[PDB]
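The structure file final-v8.txt is reproduced below (compact mmCIF, C-alpha atoms (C1' of nucleotides)).
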```
# COMPACT_ATOMS: atom_id res chain seq x y z
CA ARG A 151 0.00 0.00 0.00
CA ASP A 152 1.95 2.96 1.38
CA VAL A 153 5.71 3.04 1.91
CA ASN A 154 5.28 4.95 5.18
CA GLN A 155 3.27 2.03 6.59
CA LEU A 156 6.54 0.09 7.00
CA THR A 157 8.50 -0.23 10.22
CA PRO A 158 11.75 1.74 10.65
CA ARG A 159 13.59 -1.50 9.92
CA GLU A 160 11.48 -2.16 6.82
CA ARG A 161 11.97 1.49 5.91
CA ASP A 162 15.74 0.92 6.10
CA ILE A 163 15.63 -2.11 3.79
CA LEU A 164 13.26 -0.22 1.47
CA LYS A 165 15.54 2.82 1.25
CA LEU A 166 18.62 0.64 0.71
CA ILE A 167 16.76 -1.12 -2.12
CA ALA A 168 15.74 2.22 -3.63
CA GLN A 169 19.40 3.32 -3.41
CA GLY A 170 20.37 0.56 -5.85
CA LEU A 171 22.36 -1.68 -3.52
CA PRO A 172 21.97 -5.40 -4.27
CA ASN A 173 20.66 -7.77 -1.63
CA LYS A 174 24.07 -9.08 -0.54
CA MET A 175 25.43 -5.54 -0.44
CA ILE A 176 22.50 -4.76 1.87
CA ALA A 177 23.50 -7.74 4.02
CA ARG A 178 27.08 -6.42 4.12
CA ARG A 179 25.99 -2.88 4.98
CA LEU A 180 23.78 -3.93 7.91
CA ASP A 181 26.06 -6.83 8.97
CA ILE A 182 23.35 -9.50 8.82
CA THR A 183 22.91 -12.82 7.08
CA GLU A 184 21.15 -13.19 3.75
CA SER A 185 18.24 -14.89 5.51
CA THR A 186 17.08 -11.75 7.33
CA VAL A 187 17.31 -9.74 4.09
CA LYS A 188 15.26 -12.45 2.36
CA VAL A 189 12.70 -12.33 5.18
CA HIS A 190 12.36 -8.55 4.90
CA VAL A 191 12.16 -8.56 1.09
CA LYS A 192 9.60 -11.38 1.03
CA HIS A 193 7.42 -9.54 3.56
CA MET A 194 7.68 -6.41 1.41
CA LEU A 195 6.73 -8.51 -1.63
CA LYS A 196 3.75 -10.01 0.21
CA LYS A 197 2.46 -6.77 1.76
CA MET A 198 3.02 -4.56 -1.30
CA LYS A 199 1.81 -7.41 -3.57
CA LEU A 200 4.54 -6.59 -6.08
CA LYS A 201 6.72 -8.64 -8.42
CA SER A 202 10.08 -6.82 -8.33
CA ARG A 203 12.05 -4.15 -6.49
CA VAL A 204 12.34 -1.93 -9.57
CA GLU A 205 8.62 -1.11 -9.77
CA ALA A 206 8.57 -0.05 -6.12
CA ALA A 207 11.72 2.02 -6.60
CA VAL A 208 10.36 3.84 -9.66
CA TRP A 209 7.06 4.54 -7.89
CA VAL A 210 8.99 5.93 -4.93
CA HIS A 211 10.96 8.21 -7.25
CA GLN A 212 7.93 9.22 -9.36
CA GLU A 213 6.35 11.80 -7.06
CA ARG A 214 9.71 13.40 -6.13
CA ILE A 215 8.60 13.41 -2.51
CA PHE A 216 12.15 13.81 -1.20
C1' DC B 1 121.62 2.10 -102.34
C1' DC B 2 119.47 -0.20 -94.92
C1' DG B 3 122.22 5.14 -93.01
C1' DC B 4 119.97 9.76 -90.36
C1' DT B 5 116.89 13.15 -89.27
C1' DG B 6 111.57 14.92 -87.94
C1' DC B 7 107.53 14.26 -86.87
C1' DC B 8 103.87 12.44 -83.52
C1' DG B 9 102.62 9.97 -79.28
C1' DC B 10 103.10 9.38 -74.08
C1' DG B 11 104.04 10.67 -69.05
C1' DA B 12 104.77 13.98 -64.63
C1' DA B 13 103.13 12.09 -55.50
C1' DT B 14 99.60 11.91 -51.48
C1' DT B 15 95.58 12.77 -48.55
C1' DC B 16 92.30 16.82 -46.53
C1' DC B 17 90.70 21.83 -47.21
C1' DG B 18 88.15 26.50 -49.75
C1' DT B 19 84.83 28.02 -53.07
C1' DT B 20 81.72 32.33 -56.42
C1' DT B 21 75.82 25.90 -57.78
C1' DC B 22 77.86 31.09 -61.09
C1' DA B 23 77.08 33.67 -65.95
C1' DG B 24 77.77 34.02 -71.64
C1' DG B 25 74.10 32.89 -78.97
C1' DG B 26 71.55 38.20 -80.76
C1' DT B 27 67.12 34.97 -85.73
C1' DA B 28 59.48 35.93 -87.81
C1' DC B 29 55.03 35.70 -88.82
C1' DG B 30 50.03 34.17 -89.01
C1' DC B 31 46.66 29.80 -90.17
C1' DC B 32 43.99 25.17 -89.75
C1' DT B 33 43.85 20.76 -87.15
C1' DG B 34 44.22 16.87 -84.32
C1' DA B 35 45.65 15.85 -79.83
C1' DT B 36 45.83 15.67 -75.16
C1' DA B 37 44.53 17.34 -70.73
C1' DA B 38 41.74 18.84 -68.52
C1' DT B 39 36.66 18.86 -66.58
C1' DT B 40 31.72 16.93 -66.22
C1' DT B 41 28.32 11.73 -64.42
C1' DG B 42 27.02 6.67 -62.54
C1' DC B 43 28.40 1.86 -59.95
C1' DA B 44 30.59 -0.98 -57.89
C1' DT B 45 31.82 -2.18 -52.22
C1' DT B 46 31.85 -0.64 -47.72
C1' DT B 47 29.60 0.62 -43.76
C1' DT B 48 24.41 0.93 -42.41
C1' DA B 49 20.54 5.20 -37.04
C1' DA B 50 21.14 -0.04 -36.10
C1' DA B 51 17.44 -4.30 -36.95
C1' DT B 52 17.94 -8.61 -36.94
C1' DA B 53 18.09 -14.76 -35.42
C1' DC B 54 20.14 -18.49 -32.07
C1' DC B 55 23.33 -20.68 -28.90
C1' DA B 56 25.52 -19.96 -24.41
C1' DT B 57 27.12 -20.72 -18.92
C1' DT B 58 26.47 -17.52 -14.51
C1' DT B 59 23.76 -14.34 -10.86
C1' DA B 60 19.20 -12.54 -9.82
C1' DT B 61 15.45 -13.11 -7.58
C1' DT B 62 14.15 -16.45 -4.64
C1' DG B 63 9.79 -20.33 -2.11
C1' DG B 64 9.37 -18.82 1.38
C1' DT B 65 9.78 -19.67 7.42
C1' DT B 66 11.05 -22.37 12.11
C1' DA B 67 12.72 -20.94 16.09
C1' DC B 68 12.80 -17.31 19.58
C1' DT B 69 15.22 -10.55 21.51
```

For this file, produce the structure as C-alpha cells.
Amino acid sequence: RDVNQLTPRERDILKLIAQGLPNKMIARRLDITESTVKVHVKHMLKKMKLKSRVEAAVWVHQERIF
DNA sequence: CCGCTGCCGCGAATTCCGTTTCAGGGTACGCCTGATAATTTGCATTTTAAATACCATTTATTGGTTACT
C-alpha cells in the first residue's frame, strides 16, 4: 500500500533497495545474514503485492517526494 | 743504295681543405587541325541510425519460514 506504513527497519531495507544496492550488499551494509534480508524482502513482496524491487523504486521516485 | 733526321705519341706524388651551384648565342610571322589534358556523371563495395536470429554458462530473484530478543 503505502511506503510509510513500513517499520523503521522495513523502511531501512526499502531505502537501501531504492538506493540501488543489491541484496548481498544490503547484508554487508547492515552486517546481517542473507536470511534476514530475504525475510524482509519477502514480507515487502507479500504486503506490497509486487513482483520486483524496480517497480517499487520507480514509484517511490515518481512523485519526487524527497 | 738499310744510313739519319723529324715528326707524332706518351708521361709527370699523397691525402684533406676552400669556393663564387655562377654567368655568356643576338634569328618571324600568321593559319587550320588533331591531340591531349583537362573537366563533367554513374556503380561498384563498404559501412548501415542499427534491426535482426540463435546458442551460451552464470547471478538474480528467490519459495518462502522455524525458532525465539

request  = Check the smallest atom-to-atom distance from each of A:174, A:199, A:192, A:165 to chain B using all atoms listed in the file, then report the winner.
outcome  = A:192

For chain B versus chain A, which residues have an atom no more than 12 Å away, and what is each residue's nearest atom pair and distance in Å rounded to one decimal, using all atoms listed in the file, chain-then-number order, as CSV?
```
residue,atom,partner,partner_atom,distance
B:59,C1',A:172,CA,11.2
B:60,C1',A:172,CA,9.5
B:61,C1',A:202,CA,8.3
B:62,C1',A:188,CA,8.1
B:63,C1',A:192,CA,9.5
B:64,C1',A:192,CA,7.5
B:65,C1',A:189,CA,8.2
```

remark   = Expressed in Å, the length from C1' of residue 54 (chain B) to CA of residue 204 (chain A) is 29.0 Å

message = So the first atom is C1' of residue 58 (chain B) and the second is CA of residue 196 (chain A); what is the distance between them in Å, to one decimal place?
response =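 Computed distance, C1' of residue 58 (chain B) to CA of residue 196 (chain A), equals 28.1 Å.
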
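Taking CA of residue 151 (chain A) and CA of residue 198 (chain A) as the two end points, the separation is 5.6 Å.
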
task = Might you pull out every residue within 8 Å of region 152-160 of chain A, with all atoms listed in the file counted and same-chain residues fewer than 3 positions away left off, and present them as a PyMOL selection string?
result = chain A and resi 163-164+190+194

Using the selection just defined, write its residues with C-alpha atoms as a compact mmCIF listing (two decimals), keeping the file's coordinate frame.
```txt
# COMPACT_ATOMS: atom_id res chain seq x y z
CA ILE A 163 15.63 -2.11 3.79
CA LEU A 164 13.26 -0.22 1.47
CA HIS A 190 12.36 -8.55 4.90
CA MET A 194 7.68 -6.41 1.41
```
